[PDB]
Every structure is written in C-alpha cells, then in structure tokens.
Amino acid sequence: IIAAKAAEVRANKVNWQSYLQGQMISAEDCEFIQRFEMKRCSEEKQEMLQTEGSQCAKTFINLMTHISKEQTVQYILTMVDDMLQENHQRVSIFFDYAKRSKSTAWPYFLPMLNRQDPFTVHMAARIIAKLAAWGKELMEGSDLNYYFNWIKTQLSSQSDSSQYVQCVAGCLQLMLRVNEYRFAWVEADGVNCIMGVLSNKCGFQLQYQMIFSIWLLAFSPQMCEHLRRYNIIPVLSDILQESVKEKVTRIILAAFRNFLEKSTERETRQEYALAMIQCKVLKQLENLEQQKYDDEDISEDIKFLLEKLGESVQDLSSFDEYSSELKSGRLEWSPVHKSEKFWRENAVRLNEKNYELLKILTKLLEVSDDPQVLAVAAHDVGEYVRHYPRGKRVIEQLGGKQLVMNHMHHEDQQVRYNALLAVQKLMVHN
Amino acid sequence: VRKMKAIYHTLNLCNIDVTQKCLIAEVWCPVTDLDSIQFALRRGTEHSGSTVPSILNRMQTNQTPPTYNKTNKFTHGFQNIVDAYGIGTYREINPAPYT
Amino acid sequence: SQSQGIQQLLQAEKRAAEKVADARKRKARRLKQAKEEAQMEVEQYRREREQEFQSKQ
Amino acid sequence: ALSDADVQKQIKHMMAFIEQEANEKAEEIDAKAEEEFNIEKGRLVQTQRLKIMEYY
Amino acid sequence: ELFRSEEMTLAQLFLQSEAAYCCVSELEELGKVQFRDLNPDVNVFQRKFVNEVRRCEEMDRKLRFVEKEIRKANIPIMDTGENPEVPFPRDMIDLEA
C-alpha cells in the first residue's frame, strides 16, 4: 500500500508559494524548499543542507504543521524518507535543528502521528524510527511511551490496514535493532500485541516481521528470559508447518537457535527445549537437515538446533531425571520414555533402592487418576521386562503383570493400548 | 504418496539455483489451453499463499512438438490402430476419420 | 525469450550480491570501528576514577 | 502490449521478491553483527576496565 | 477437430520455489501439459530434491507391505472414490510420522 502512494507523491508536486502567499508559512521556509527542489544533484543537496541546515527541518515542520492538503506534506515526508535512503546520515540535520532550537527532536514530530492520513502518519513513523535509531538522541520516557503506544494502537486495528501494519512492524524492528528500545518494548505490553496479531492470522510478510522481532528479543539474554511469559514456541512450531517459505522458515530457525543459545540458565534451556520436543520440533529439524537451502544460516542453525535438542534429550533421558519424574508424577511422554538407548542403558536402574522405581510405577497403576500417567506406568512396567529379563518375576511379585493385563480393559483406550503393549513386553518370551 | 512421487519427479526435472533460486520449468502445451494453464498456476499461487506471481512464457520453437488428436471413446480404437505403425507429426493429416 | 527472464533475474541477483556483500563487510569494518571506540570507554573510566581518587586523596 | 506488459510486470514482481529476500538476509547479518562485535567490545572493555580498577 | 492432428507448442514457466509444488499440482489437476527435464546432464537422483523422492519410494514400499498384509488377512481396502491432491505443506512429515 505504501509504494504506489509514495510513487504518486514523488510526482504530485504543487506550488509551495500558494501557502506563503496565504501567510501560513514563512518566506525563508518557502525559499528553502524551492531551492532544495531545484538543487537536486547530491553535491547541491549537501550544499543546501550545510548552508541552510537550521532552516531545513524548520521548513519541513512548518509546512507539515500548517498544510491542509496532503500532497505537499506527503511530498516532504517522502523526500525525507528517500533522502535517508540515499544517505542514512540525513537524520543529523533534524538533530542540529533541534539543538539550535534548544529542544529535543520528538515534540516536533510525535503529534503528526495523530493526523488523519494513514500514508502521512506512517511515513512520519518511518522517519521517526530512522531518526531515533541512527541518531545519538534515543527516545525516552513519556515520549517513547507514546510512540510505542501509537505502534500498539496501529497494531490494535488487527487488507490495506495490514499493509500499513507492515510499516508499523518495520518501525518497531528498526527501533528494536538498538537495545534500549528492546527493553522498552518488553516493559510495554507490545510483545503481547505481537502475540495477539500473530494469533489473529496476520499476513505472511507480517509473520516474518514479528518473528524478526522475537528473534531480536531472543538475541538478548535478558529479553530471551523475559519473553517466556508468552511462550511463542507452541504457536511457531505448528505455524512452521504452513510457512514453508524460505524467509519465515529461516527466521523461525534463527529464533529457535537464539532461544537455546541465550537462555540464561540450564533450567531456561530445559524449559525452551521441552516446549520444542513436546511440540515435536526434533523430527522437523531432522527433516530440514535432510533438506538443503540457499545460504549458510538455515542449515547451520538446523545443525546447531539438532546438537542442542539432542543434548536436551539426553539430559531428560538422564537416570536421575527418570527417577525424578517418577517421584513428581510427570509420566507424560518425556523423551526418556521413548529413547530406546536410555532403556537399554538404564533398565537395571529400576532395581535401585530395592526396586523403588517399579514400586512407584505399580502404585501409580492403581493410584493414577490421569489416564496418561496410568498408561505410561503400564508401558514403562512392560519396558522394564523387555529390557531386563529377570524383571519378569519382579513384576509378577509387584502385581504389574496382573495390573497391566487388567488395565488393557481400562476405561480409556489409550490406557488399554499401552497396557496391551506392556503385556506384549511381558510375553516377549517365556 | 504416488502423486507426491510424481510431483517430486517434476520438481527434480526443473532448473535450479545455479540458474535462479526461483524454479523454472519447460513444458509442451496446446495453444488452445494457455489461458487454462496460467489459471491453474494462479489457483496454485492462491493455495500456496504466493503474492509473487507465476509467469508463463512462449518461445518461437524450431523443435518438433508432440502430437495429439482429441480422442473420444468411439474413435480411440481407430486412432490407436492408425498410430500403431507410427505416431503422426505436427497437425499433419490424420488418417483416423477416413479409416 | 526465456533469456529475457534469465537476464533480469541475473541482474536482480547482481544487485542482491553487492548489497549483501556490503551487509557482510559491515561486520568486518565495524569490528575495527569498535576496536577504535574502546578508547572512549577506557579513557572515560580513567578520568572518572581519577576524580574519585582525588576525592580520596 | 498486454503480453509484454504482463511478462514484464510479473517478472518485476519476481525481481522485487528476490531483492527483498536479499535485503532480509542482509538485515539478518546486520543484526547478528550488531550482537557480535558489540559484545566483543563489551568483553574487551570489561577486561580493560578491570585492569584499570586493579590499578586504581 | 479430428480432421488433422493437434497444434502443440512449447512454453516455459517461472515461479517462486515454494509455490512451484502447489502450482504444478494444479497443473496435474488440469492435465493438459507435458513436462520436460531441464537437467538431463546428471541423474534424477542427483537433483535438488533427492531425499524427497527417496522417502516417497520408501513410504510406498511400506504401504505395499501393509497392503500385502491386508491381502493375506481378510480386511478389504476402501475404494472410496476420493482422489485428493497431496498437501504441499510440511504436513508431509506428519503423514510420514
């Protein structure tokens, strides 16, 4: 939506004198804009900006403030945006003007965001993002609060509105590029706005942009620690199934690496990795590893994620973890349960403490109200016999034999199925 | 899975990143069905969520095209028979109707 | 005819190549820029601690 | 006109997709370098300031 | 008409990599085009999408195994009449799983 109106505005020039003659602007302002329009070559533009720099931003502000018809205001805004594209350093003239006026840069521009035209307001937003991201003067306090509040309100609209939310997210990203704005945005409820707009089925480009933002947050250790209060990963894992596009797949992989890299604690890494594995990210990483892509980042990140997810799977497969989940009632398909190598290595560990692990399992076989826990108990009891031959008589002693051969008639088909698997384990041979 | 095998064969048949990241395909098509072909590509973009468009290009071709004869149930056997000694050339006189 | 599309793609890819080469080279250049900026931090630290050391004296 | 115009405009959209993908990759490295060399400088300055602190 | 043979012609297509699959699936639904091979210079098993065909072959192998088990057993197989296009999304891997 931005591009066509920008192109039209580049051409929709009109006489700036129309407003000087109406006494809405000053003669020097009109003269500056006319001279700058005539002075088109790069050297001439620099000469104007360096000879009349104090008048430059003042002319822009005066015309934007006092002009009724949009075309001229949009012309100024598009000119500033294109001048920043030509040379990003052009943010410096506004700061020079503000300092000469003994003022900060923000009160001049922030009110523009409340104007009527979506094009003009969002172009002002792009200009503000460029200015306050490149310049020494960051946005702070009530000013940044209102600016990100405006970002939030534009997001709240959630299509031309979505295509403008493209610019909203672009400004947000160009700001988060610098650390301070990241903490400001996390302090605000803006991350909740990202969650809301993502869940509200926003468009593909917007998905890439918000995953860009969460990837920026994950880059920082403390912001990565902060964002768990939302837990994007359950959304992102399944949305990756549809977003096969290289853009989105790459950025989500990068955000995943950032989570598992910049997680501050071993427990933080375990939380993120557990979300991943219980939402089945590991098989997807194996599939993507079989797949091959254009650039380094996608495949290097898939390889790193395979490394770290494998390490997390081994950790969860730790014998101490198995005992601790048995103690904590978390018989809910942690990777230890299906990691066959763990079972081969540690099936004897179920004899430890005089078969306390099997005792927990066989007490849960008549104490577990949760069908998941009951089924996992029966299945683990069967796996014990599968992996440790002498366990046949131990299970007969503890009643796991009878308990599973009965619970294959349990009221929940999942429990019935797992109990049938366990009884098959017992009957693997004599 | 069989359709999937066919489509992966089709995509492996395409030119690759050495030419361009975006995939290129080469096709034989009758001049009567170009609009429908492009429309099928358009439906595909709609399903895939591709805002960037598909594009179909003609090229003045010195190469010999395949041959087709718009067969029907009644005429299929006759067409098979007349082609059994050899498959006709580009829109040459078809012996089937008179045979 | 297809050479037309291939040409335009190769030209857009040349543009991408130069833009992305600048993107990569920015890392190498700003590493040196940071090696420069370390002077600002270290000198500011020294002057501050000089102030408090004078207070202690 | 219509044939040439369609081919040209659609391939221009395809060029734009290519260049925006390249810009997104460039922006990716832009942000990653922002992380990396800045924390590198953080470590260097931390060591320098620790030396200065021991001296003081 | 049948009076003489068809007026066939050559063409080619550009499309984004991701949309290639869905669009050629729609062309399979249409059925009025025949595809060429733009990389005969090296074997089909050494193209961009080797593993994709490898796994389809293996999956069809396993489906033939289970079908053979079905024929050995007494359960029929459902000729429901539905013939849907295979989803391009990574639900492919869900079907795999």
# chains A, B, ... in the order shown; residues from 1 in each chain; ligands from 1
call {"tool": "closest_atom_pairs", "arguments": {"of": "chain A", "to": "chain B", "cutoff": "10 Å", "atoms": "only C-alpha atoms", "output": "JSON lines"}}
result
{"residue": "A:203", "atom": "CA", "partner": "B:49", "partner_atom": "CA", "distance": 9.3}
{"residue": "A:204", "atom": "CA", "partner": "B:49", "partner_atom": "CA", "distance": 8.0}
{"residue": "A:205", "atom": "CA", "partner": "B:51", "partner_atom": "CA", "distance": 10.0}
{"residue": "A:242", "atom": "CA", "partner": "B:48", "partner_atom": "CA", "distance": 8.9}
{"residue": "A:243", "atom": "CA", "partner": "B:49", "partner_atom": "CA", "distance": 9.2}
{"residue": "A:244", "atom": "CA", "partner": "B:48", "partner_atom": "CA", "distance": 9.2}
{"residue": "A:245", "atom": "CA", "partner": "B:50", "partner_atom": "CA", "distance": 9.2}
{"residue": "A:293", "atom": "CA", "partner": "B:17", "partner_atom": "CA", "distance": 9.6}
{"residue": "A:294", "atom": "CA", "partner": "B:21", "partner_atom": "CA", "distance": 7.7}
call {"tool": "interface_residues", "arguments": {"of": "chain D", "to": "chain E", "cutoff": "12 Å", "atoms": "only C-alpha atoms", "output": "PyMOL selection string"}}
result
chain D and resi 7+10-18+21
call {"tool": "residues_around", "arguments": {"residues": "residue 6 of chain E", "least_positions_apart": "2", "cutoff": "12 Å", "atoms": "only C-alpha atoms", "output": "PyMOL selection string"}}
result
(chain B and resi 28-33+65-71+88-94) or (chain E and resi 1-4+8-9)
call {"tool": "write_last_selection", "arguments": {"atoms": "C-alpha atoms", "output": "compact mmCIF listing (two decimals), in the first residue's frame"}}
result
# COMPACT_ATOMS: atom_id res chain seq x y z
CA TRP B 28 4.62 -28.73 -24.06
CA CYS B 29 1.13 -27.23 -24.24
CA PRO B 30 -1.51 -26.77 -26.95
CA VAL B 31 -2.17 -23.18 -27.99
CA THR B 32 -5.84 -23.65 -27.05
CA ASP B 33 -5.08 -24.22 -23.35
CA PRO B 65 6.20 -30.66 -30.77
CA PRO B 66 4.35 -33.82 -29.74
CA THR B 67 1.15 -34.87 -31.49
CA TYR B 68 -2.40 -35.08 -30.12
CA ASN B 69 -5.76 -35.83 -31.69
CA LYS B 70 -8.55 -35.07 -29.16
CA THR B 71 -9.60 -38.70 -28.86
CA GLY B 88 1.74 -38.78 -36.51
CA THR B 89 3.56 -35.49 -36.85
CA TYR B 90 2.54 -31.94 -36.01
CA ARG B 91 -1.07 -31.42 -37.15
CA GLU B 92 -0.45 -33.49 -40.26
CA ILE B 93 -3.47 -35.02 -41.95
CA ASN B 94 -4.93 -37.58 -39.55
CA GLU E 1 -11.20 -31.37 -34.96
CA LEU E 2 -10.15 -34.93 -35.78
CA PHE E 3 -9.68 -33.83 -39.42
CA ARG E 4 -5.99 -33.37 -38.57
CA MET E 8 1.07 -28.24 -29.98
CA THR E 9 3.61 -25.64 -28.89
call {"tool": "residues_around", "arguments": {"residues": "residue 91 of chain E", "least_positions_apart": "6", "cutoff": "10 Å", "atoms": "only C-alpha atoms", "output": "ChimeraX atom specification"}}
result
/A:238,241-242 /E:97
call {"tool": "write_last_selection", "arguments": {"atoms": "N, CA, C and O atoms", "output": "PDB file, in the first residue's frame"}}
result
ATOM      1  N   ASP A 238       3.888 -25.139  15.093  1.00  0.00           N
ATOM      2  CA  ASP A 238       2.863 -25.575  14.155  1.00  0.00           C
ATOM      3  C   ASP A 238       2.719 -24.608  12.985  1.00  0.00           C
ATOM      4  O   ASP A 238       2.437 -25.038  11.861  1.00  0.00           O
ATOM      5  N   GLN A 241       4.624 -25.337   9.947  1.00  0.00           N
ATOM      6  CA  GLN A 241       4.150 -26.344   9.003  1.00  0.00           C
ATOM      7  C   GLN A 241       3.577 -25.696   7.751  1.00  0.00           C
ATOM      8  O   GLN A 241       3.784 -26.191   6.637  1.00  0.00           O
ATOM      9  N   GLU A 242       2.846 -24.595   7.909  1.00  0.00           N
ATOM     10  CA  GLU A 242       2.320 -23.879   6.756  1.00  0.00           C
ATOM     11  C   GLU A 242       3.351 -22.943   6.134  1.00  0.00           C
ATOM     12  O   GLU A 242       3.461 -22.880   4.905  1.00  0.00           O
TER      13      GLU A 242
ATOM     14  N   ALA E  97       5.189 -39.458   9.666  1.00  0.00           N
ATOM     15  CA  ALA E  97       5.206 -39.946  11.040  1.00  0.00           C
ATOM     16  C   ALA E  97       4.088 -40.946  11.295  1.00  0.00           C
ATOM     17  O   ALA E  97       4.261 -41.885  12.082  1.00  0.00           O
TER      18      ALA E  97
END
call {"tool": "residues_around", "arguments": {"residues": "segment 40-46 of chain C", "least_positions_apart": "5", "cutoff": "9 Å", "atoms": "only C-alpha atoms", "output": "PyMOL selection string"}}
result
(chain C and resi 51) or (chain D and resi 45+48-49+52-53+56)
call {"tool": "closest_residue", "arguments": {"among": "A:183, A:164, A:109, A:219", "to": "chain D", "atoms": "only C-alpha atoms"}}
result
A:219
call {"tool": "interface_residues", "arguments": {"of": "chain A", "to": "chain E", "cutoff": "12 Å", "atoms": "only C-alpha atoms", "output": "PDB file with N, CA and C atoms, in the first residue's frame"}}
result
ATOM      1  N   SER A 237       5.925 -23.483  16.287  1.00  0.00           N
ATOM      2  CA  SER A 237       6.191 -24.843  15.834  1.00  0.00           C
ATOM      3  C   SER A 237       5.178 -25.278  14.784  1.00  0.00           C
ATOM      4  N   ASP A 238       3.888 -25.139  15.093  1.00  0.00           N
ATOM      5  CA  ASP A 238       2.863 -25.575  14.155  1.00  0.00           C
ATOM      6  C   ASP A 238       2.719 -24.608  12.985  1.00  0.00           C
ATOM      7  N   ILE A 239       2.920 -23.303  13.209  1.00  0.00           N
ATOM      8  CA  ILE A 239       2.794 -22.365  12.095  1.00  0.00           C
ATOM      9  C   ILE A 239       3.912 -22.585  11.088  1.00  0.00           C
ATOM     10  N   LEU A 240       5.048 -23.108  11.544  1.00  0.00           N
ATOM     11  CA  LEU A 240       6.103 -23.500  10.628  1.00  0.00           C
ATOM     12  C   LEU A 240       5.623 -24.520   9.604  1.00  0.00           C
ATOM     13  N   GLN A 241       4.624 -25.337   9.947  1.00  0.00           N
ATOM     14  CA  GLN A 241       4.150 -26.344   9.003  1.00  0.00           C
ATOM     15  C   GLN A 241       3.577 -25.696   7.751  1.00  0.00           C
ATOM     16  N   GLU A 242       2.846 -24.595   7.909  1.00  0.00           N
ATOM     17  CA  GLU A 242       2.320 -23.879   6.756  1.00  0.00           C
ATOM     18  C   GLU A 242       3.351 -22.943   6.134  1.00  0.00           C
ATOM     19  N   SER A 243       4.121 -22.214   6.949  1.00  0.00           N
ATOM     20  CA  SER A 243       5.078 -21.239   6.419  1.00  0.00           C
ATOM     21  C   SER A 243       6.342 -21.944   5.914  1.00  0.00           C
ATOM     22  N   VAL A 244       6.191 -22.611   4.769  1.00  0.00           N
ATOM     23  CA  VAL A 244       7.320 -23.314   4.167  1.00  0.00           C
ATOM     24  C   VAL A 244       8.284 -22.331   3.518  1.00  0.00           C
ATOM     25  N   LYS A 245       7.837 -21.101   3.273  1.00  0.00           N
ATOM     26  CA  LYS A 245       8.665 -20.108   2.601  1.00  0.00           C
ATOM     27  C   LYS A 245      10.020 -19.977   3.283  1.00  0.00           C
ATOM     28  N   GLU A 246      11.051 -19.747   2.464  1.00  0.00           N
ATOM     29  CA  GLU A 246      12.416 -19.677   2.979  1.00  0.00           C
ATOM     30  C   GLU A 246      12.557 -18.575   4.021  1.00  0.00           C
ATOM     31  N   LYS A 247      11.981 -17.406   3.756  1.00  0.00           N
ATOM     32  CA  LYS A 247      12.025 -16.279   4.681  1.00  0.00           C
ATOM     33  C   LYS A 247      11.617 -16.694   6.091  1.00  0.00           C
ATOM     34  N   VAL A 248      10.369 -17.150   6.219  1.00  0.00           N
ATOM     35  CA  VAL A 248       9.798 -17.444   7.529  1.00  0.00           C
ATOM     36  C   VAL A 248      10.493 -18.638   8.171  1.00  0.00           C
ATOM     37  N   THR A 249      10.757 -19.691   7.394  1.00  0.00           N
ATOM     38  CA  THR A 249      11.413 -20.865   7.960  1.00  0.00           C
ATOM     39  C   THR A 249      12.797 -20.509   8.499  1.00  0.00           C
ATOM     40  N   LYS A 280       7.286 -31.408  19.174  1.00  0.00           N
ATOM     41  CA  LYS A 280       7.827 -32.191  18.064  1.00  0.00           C
ATOM     42  C   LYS A 280       8.664 -31.358  17.097  1.00  0.00           C
ATOM     43  N   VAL A 281       9.601 -30.565  17.617  1.00  0.00           N
ATOM     44  CA  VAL A 281      10.490 -29.792  16.755  1.00  0.00           C
ATOM     45  C   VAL A 281      11.644 -30.656  16.262  1.00  0.00           C
ATOM     46  N   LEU A 282      11.963 -31.731  16.985  1.00  0.00           N
ATOM     47  CA  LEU A 282      13.154 -32.514  16.651  1.00  0.00           C
ATOM     48  C   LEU A 282      12.995 -33.243  15.318  1.00  0.00           C
ATOM     49  N   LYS A 283      11.828 -33.847  15.083  1.00  0.00           N
ATOM     50  CA  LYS A 283      11.603 -34.524  13.811  1.00  0.00           C
ATOM     51  C   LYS A 283      11.616 -33.527  12.659  1.00  0.00           C
ATOM     52  N   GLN A 284      11.036 -32.346  12.874  1.00  0.00           N
ATOM     53  CA  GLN A 284      11.092 -31.298  11.862  1.00  0.00           C
ATOM     54  C   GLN A 284      12.523 -30.849  11.592  1.00  0.00           C
ATOM     55  N   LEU A 285      13.360 -30.759  12.627  1.00  0.00           N
ATOM     56  CA  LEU A 285      14.754 -30.407  12.396  1.00  0.00           C
ATOM     57  C   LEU A 285      15.465 -31.497  11.607  1.00  0.00           C
ATOM     58  N   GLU A 286      15.163 -32.768  11.882  1.00  0.00           N
ATOM     59  CA  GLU A 286      15.758 -33.839  11.081  1.00  0.00           C
ATOM     60  C   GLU A 286      15.320 -33.743   9.622  1.00  0.00           C
ATOM     61  N   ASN A 287      14.037 -33.469   9.385  1.00  0.00           N
ATOM     62  CA  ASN A 287      13.551 -33.323   8.017  1.00  0.00           C
ATOM     63  C   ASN A 287      14.237 -32.155   7.313  1.00  0.00           C
ATOM     64  N   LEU A 288      14.364 -31.020   8.002  1.00  0.00           N
ATOM     65  CA  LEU A 288      15.024 -29.867   7.397  1.00  0.00           C
ATOM     66  C   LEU A 288      16.507 -30.131   7.159  1.00  0.00           C
ATOM     67  N   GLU A 289      17.151 -30.883   8.054  1.00  0.00           N
ATOM     68  CA  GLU A 289      18.528 -31.304   7.836  1.00  0.00           C
ATOM     69  C   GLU A 289      18.656 -32.149   6.579  1.00  0.00           C
ATOM     70  N   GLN A 290      17.746 -33.103   6.382  1.00  0.00           N
ATOM     71  CA  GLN A 290      17.700 -33.789   5.093  1.00  0.00           C
ATOM     72  C   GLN A 290      17.519 -32.789   3.961  1.00  0.00           C
ATOM     73  N   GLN A 291      16.771 -31.717   4.210  1.00  0.00           N
ATOM     74  CA  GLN A 291      16.614 -30.665   3.220  1.00  0.00           C
ATOM     75  C   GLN A 291      17.866 -29.785   3.169  1.00  0.00           C
ATOM     76  N   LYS A 292      18.010 -29.064   2.058  1.00  0.00           N
ATOM     77  CA  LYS A 292      19.172 -28.221   1.811  1.00  0.00           C
ATOM     78  C   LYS A 292      18.690 -26.903   1.223  1.00  0.00           C
ATOM     79  N   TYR A 293      19.381 -25.812   1.554  1.00  0.00           N
ATOM     80  CA  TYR A 293      18.874 -24.471   1.284  1.00  0.00           C
ATOM     81  C   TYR A 293      19.957 -23.581   0.682  1.00  0.00           C
ATOM     82  N   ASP A 294      19.559 -22.336   0.402  1.00  0.00           N
ATOM     83  CA  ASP A 294      20.401 -21.393  -0.329  1.00  0.00           C
ATOM     84  C   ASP A 294      21.660 -21.009   0.446  1.00  0.00           C
TER      85      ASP A 294
END
call {"tool": "residues_around", "arguments": {"residues": "segment 319-333 of chain A", "least_positions_apart": "3", "cutoff": "7 Å", "atoms": "only C-alpha atoms", "output": "count of residues only"}}
result
9
call {"tool": "closest_atom_pairs", "arguments": {"of": "segment 41-92 of chain B", "to": "segment 21-37 of chain E", "cutoff": "7 Å", "atoms": "only C-alpha atoms", "output": "tab-separated table"}}
result
residue	atom	partner	partner_atom	distance
B:41	CA	E:23	CA	4.7
B:43	CA	E:26	CA	6.9
B:44	CA	E:23	CA	3.9
B:45	CA	E:23	CA	6.3
B:47	CA	E:22	CA	6.9
B:48	CA	E:22	CA	6.1
call {"tool": "interface_residues", "arguments": {"of": "chain B", "to": "chain C", "cutoff": "8 Å", "atoms": "only C-alpha atoms", "output": "list in words"}}
result
residues 19, 20, 57, 58 and 59 of chain B
call {"tool": "interface_residues", "arguments": {"of": "chain D", "to": "chain A", "cutoff": "10 Å", "atoms": "only C-alpha atoms", "output": "VMD selection string"}}
result
chain D and resid 20 to 22 24 to 25 27 to 32 34 to 36
call {"tool": "write_last_selection", "arguments": {"atoms": "C-alpha atoms", "output": "mmCIF file, in the first residue's frame"}}
result
data_model
loop_
_atom_site.group_PDB
_atom_site.id
_atom_site.type_symbol
_atom_site.label_atom_id
_atom_site.label_comp_id
_atom_site.auth_asym_id
_atom_site.auth_seq_id
_atom_site.Cartn_x
_atom_site.Cartn_y
_atom_site.Cartn_z
ATOM 1 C CA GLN D 20 13.586 -8.124 -0.748
ATOM 2 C CA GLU D 21 14.763 -11.623 0.190
ATOM 3 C CA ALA D 22 18.344 -10.448 -0.305
ATOM 4 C CA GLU D 24 16.158 -9.583 4.537
ATOM 5 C CA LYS D 25 19.294 -11.744 4.528
ATOM 6 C CA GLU D 27 19.344 -7.310 7.533
ATOM 7 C CA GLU D 28 19.806 -10.650 9.286
ATOM 8 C CA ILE D 29 23.583 -10.325 9.125
ATOM 9 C CA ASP D 30 23.221 -6.647 10.057
ATOM 10 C CA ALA D 31 21.520 -7.569 13.325
ATOM 11 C CA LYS D 32 23.762 -10.553 14.062
ATOM 12 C CA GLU D 34 25.277 -5.816 15.899
ATOM 13 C CA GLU D 35 25.100 -8.532 18.539
ATOM 14 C CA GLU D 36 28.539 -9.986 17.959
#
call {"tool": "residues_around", "arguments": {"residues": "segment 13-16 of chain B", "least_positions_apart": "5", "cutoff": "6 Å", "atoms": "only C-alpha atoms", "output": "PDB file with C-alpha atoms, in the first residue's frame"}}
result
ATOM      1  CA  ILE B  24      11.959 -22.744 -13.872  1.00  0.00           C
ATOM      2  CA  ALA B  25      10.022 -25.362 -15.842  1.00  0.00           C
TER       3      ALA B  25
ATOM      4  CA  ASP E  37      13.611 -32.410 -17.924  1.00  0.00           C
ATOM      5  CA  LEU E  38      15.893 -29.381 -17.676  1.00  0.00           C
TER       6      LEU E  38
END
call {"tool": "closest_residue", "arguments": {"among": "A:22, A:108, A:119, A:400", "to": "residue 377 of chain A", "atoms": "only C-alpha atoms"}}
result
A:400
call {"tool": "interface_residues", "arguments": {"of": "chain E", "to": "chain C", "cutoff": "10 Å", "atoms": "only C-alpha atoms", "output": "count of residues only"}}
result
4
call {"tool": "select_by_dssp", "arguments": {"residues": "segment 40-91 of chain B", "states": "helix (DSSP H, G or I)", "output": "JSON, numbers by chain"}}
result
{"B": [40, 41, 42, 43, 44, 45, 46, 47, 48, 73, 74, 75, 76, 77, 78, 79, 80, 81, 82, 83, 84]}
call {"tool": "closest_atom_pairs", "arguments": {"of": "chain B", "to": "chain D", "cutoff": "9 Å", "atoms": "only C-alpha atoms", "output": "CSV"}}
result
residue,atom,partner,partner_atom,distance
B:21,CA,D:18,CA,8.4
B:22,CA,D:14,CA,8.5
B:52,CA,D:14,CA,6.1
B:53,CA,D:10,CA,6.0
B:54,CA,D:10,CA,7.5
B:55,CA,D:10,CA,6.7
B:56,CA,D:7,CA,7.8
B:57,CA,D:7,CA,7.6
call {"tool": "write_last_selection", "arguments": {"atoms": "C-alpha atoms", "output": "mmCIF file, in the first residue's frame"}}
result
data_model
loop_
_atom_site.group_PDB
_atom_site.id
_atom_site.type_symbol
_atom_site.label_atom_id
_atom_site.label_comp_id
_atom_site.auth_asym_id
_atom_site.auth_seq_id
_atom_site.Cartn_x
_atom_site.Cartn_y
_atom_site.Cartn_z
ATOM 1 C CA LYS B 21 16.546 -19.520 -6.744
ATOM 2 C CA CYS B 22 13.045 -19.389 -8.227
ATOM 3 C CA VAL B 52 4.714 -13.063 -6.032
ATOM 4 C CA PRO B 53 3.246 -14.285 -9.340
ATOM 5 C CA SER B 54 3.743 -17.256 -11.593
ATOM 6 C CA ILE B 55 4.568 -16.421 -15.208
ATOM 7 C CA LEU B 56 4.194 -18.386 -18.458
ATOM 8 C CA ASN B 57 6.431 -17.636 -21.447
#
call {"tool": "closest_residue", "arguments": {"among": "B:74, B:27, B:6, B:64", "to": "chain E", "atoms": "only C-alpha atoms"}}
result
B:27
call {"tool": "decode", "arguments": {"residues": "chain D", "atoms": "C-alpha atoms", "output": "CSV table (one decimal), in the first residue's frame"}}
result
chain,number,residue,atom,x,y,z
D,1,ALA,CA,1.2,-4.9,-25.4
D,2,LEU,CA,-0.7,-7.0,-22.9
D,3,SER,CA,1.6,-10.0,-23.3
D,4,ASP,CA,4.8,-7.9,-22.9
D,5,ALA,CA,3.2,-5.9,-20.1
D,6,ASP,CA,2.2,-8.9,-18.2
D,7,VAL,CA,5.5,-10.7,-18.6
D,8,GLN,CA,7.4,-7.5,-17.6
D,9,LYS,CA,5.3,-6.6,-14.6
D,10,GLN,CA,5.2,-10.1,-13.2
D,11,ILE,CA,8.9,-10.6,-13.6
D,12,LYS,CA,9.4,-7.2,-12.0
D,13,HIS,CA,7.5,-8.5,-9.0
D,14,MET,CA,9.7,-11.6,-9.1
D,15,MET,CA,12.8,-9.3,-9.2
D,16,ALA,CA,11.3,-7.4,-6.2
D,17,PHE,CA,10.8,-10.6,-4.3
D,18,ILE,CA,14.4,-11.6,-5.0
D,19,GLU,CA,15.8,-8.2,-3.9
D,20,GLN,CA,13.6,-8.1,-0.7
D,21,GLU,CA,14.8,-11.6,0.2
D,22,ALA,CA,18.3,-10.4,-0.3
D,23,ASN,CA,17.6,-7.4,1.8
D,24,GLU,CA,16.2,-9.6,4.5
D,25,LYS,CA,19.3,-11.7,4.5
D,26,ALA,CA,21.4,-8.6,4.6
D,27,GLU,CA,19.3,-7.3,7.5
D,28,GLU,CA,19.8,-10.7,9.3
D,29,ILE,CA,23.6,-10.3,9.1
D,30,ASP,CA,23.2,-6.6,10.1
D,31,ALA,CA,21.5,-7.6,13.3
D,32,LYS,CA,23.8,-10.6,14.1
D,33,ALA,CA,26.9,-8.4,13.6
D,34,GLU,CA,25.3,-5.8,15.9
D,35,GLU,CA,25.1,-8.5,18.5
D,36,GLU,CA,28.5,-10.0,18.0
D,37,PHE,CA,31.0,-7.1,17.6
D,38,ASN,CA,29.2,-5.1,20.4
D,39,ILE,CA,29.5,-8.0,22.9
D,40,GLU,CA,33.1,-8.4,21.7
D,41,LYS,CA,33.7,-4.8,22.6
D,42,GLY,CA,31.9,-5.3,25.9
D,43,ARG,CA,34.4,-8.1,26.8
D,44,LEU,CA,37.4,-6.1,25.7
D,45,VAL,CA,36.3,-3.0,27.6
D,46,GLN,CA,35.4,-5.2,30.6
D,47,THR,CA,39.0,-6.5,30.7
D,48,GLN,CA,40.4,-3.0,30.2
D,49,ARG,CA,38.3,-1.6,33.0
D,50,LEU,CA,39.2,-4.5,35.3
D,51,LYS,CA,42.9,-3.7,34.7
D,52,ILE,CA,42.2,0.0,35.4
D,53,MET,CA,40.3,-1.0,38.5
D,54,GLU,CA,43.1,-3.1,39.9
D,55,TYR,CA,45.5,-0.2,39.2
D,56,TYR,CA,43.2,2.3,41.0
